[PDB]
S.K.: 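My structure is below; once you've seen it, I'll send some questions.
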Amino acid sequence: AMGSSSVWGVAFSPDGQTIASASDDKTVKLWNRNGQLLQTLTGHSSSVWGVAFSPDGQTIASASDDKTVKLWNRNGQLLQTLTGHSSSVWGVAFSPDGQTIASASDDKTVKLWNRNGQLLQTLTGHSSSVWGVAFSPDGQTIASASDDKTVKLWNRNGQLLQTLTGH
Amino acid sequence: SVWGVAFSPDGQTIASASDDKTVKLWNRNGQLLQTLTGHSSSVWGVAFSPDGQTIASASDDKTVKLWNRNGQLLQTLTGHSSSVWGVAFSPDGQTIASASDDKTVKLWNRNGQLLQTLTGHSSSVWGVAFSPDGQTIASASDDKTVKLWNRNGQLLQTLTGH
Ligand SMILES: [Zn+2]
Ligand SMILES: [Zn+2]
Ligand SMILES: [Zn+2]
Ligand SMILES: [Zn+2]
């Protein structure tokens, strides 16, 4: 049971029957495998950059230029808005159980959240915009990638474990 | 920039594309275990097989290399005409998919044989993934599209950004 992340540019649902895509109009669209539109997720007030399905398949996360991450159910309903980043959010990922969300922001931080929208941790250390984030299968360990040309590995108590590329 | 890190199935090994033409294997505590040496240019993408025993690496040298977990080079997959950015294993581990600057995705077996070339993206393909059942392949491109393909290399659908 792996995490799910926006970093590969594809967000299949766990059964592969639904696919989520960031649209060019501040929306996320859900499609079936035949290219038919199922849901438009409306609510972001600026560009949507990253999307992920929870491994539960019931929740979708979207990262936006409007500095928020939004959580949606599969039937298109907005569930939560995760606020706290001070700049664009580029990337979003779910832990393998779907109960933790990680967000990667232009504000140089990764933030970790629960599904009720509560901020759990801020990972600070990157000297530049953080564009990518992903969980380990153990669900304890997090990788982030930044324009500072480094990749950092963290615990979910927010301690830096290693800088894997770069310095 | 593309994503350069992959987890083993249990999370106890982490592969990362290094800035020195190598892949490095780390344990979960950040300790270096192995360096995979052999690519002749930058390494951009890595993946683990579902059994955790094979690692794939995608390189600016236009190849994908397959390695065992103890650091030994198993195969070099040759055929892309430009940088390879991304690499993925199918859920059964028997197929490898590669995403290239040459605007194609290629599908390979573990013995290094080219099975299919997926053409249709109008620009560099940076990301590729299999569906969970392994019957559909998804690719993401600088042409701002995501395309869904079957295993025979037929384009099924394009998500366009509308
Ligand atoms: Zn260096
Ligand atoms: Zn790009
Ligand atoms: Zn449109
Ligand atoms: Zn449009």
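Just the heavy atoms: all of them, side chains too, but no hydrogens, waters or symmetry mates, feed the values below. Convention: sequence-line order gives letters A, B, ...; per-chain numbering from 1. Counting convention: from 1, in listed order, for ligands and their atoms alike.
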S.K.: Holding to side-chain contact (heavy atoms from CB on, under 4.5 Å), I want the full list of residues that pass it with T158(B), two or more places apart in sequence or in another chain.
M.R.: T145(B), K147(B), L155(B), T160(B)
S.K.: Would you say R151(B) has more than 12 foreign heavy atoms packed within less than 6.0 Å of its CZ?
M.R.: no
S.K.: Check side-chain contact (heavy atoms from CB on, under 4.5 Å) between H167(A) and all other residues, then give those that pass, not counting sequence neighbours.
M.R.: none
S.K.: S87(A) and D106(A): side-chain donor and acceptor closer than 3.5 Å?
M.R.: yes
S.K.: Hey, could you give me each pair passing ring pair (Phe, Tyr, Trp, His ring centres under 6.0 Å) that has a residue in residues 124-161 of chain B? Not counting sequence neighbours.
M.R.: none
S.K.: Which protein atoms of type N, O or S are found under 2.8 Å from the Zn ion (ligand 2)?
M.R.: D142(B) OD1
S.K.: Between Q159(A) and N157(A), is any side-chain donor less than 3.5 angstrom from a side-chain acceptor?
M.R.: yes
S.K.: Please give the atom name: the N, O or S atom of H162(B) nearest to the Zn ion (ligand 3).
M.R.: ND1
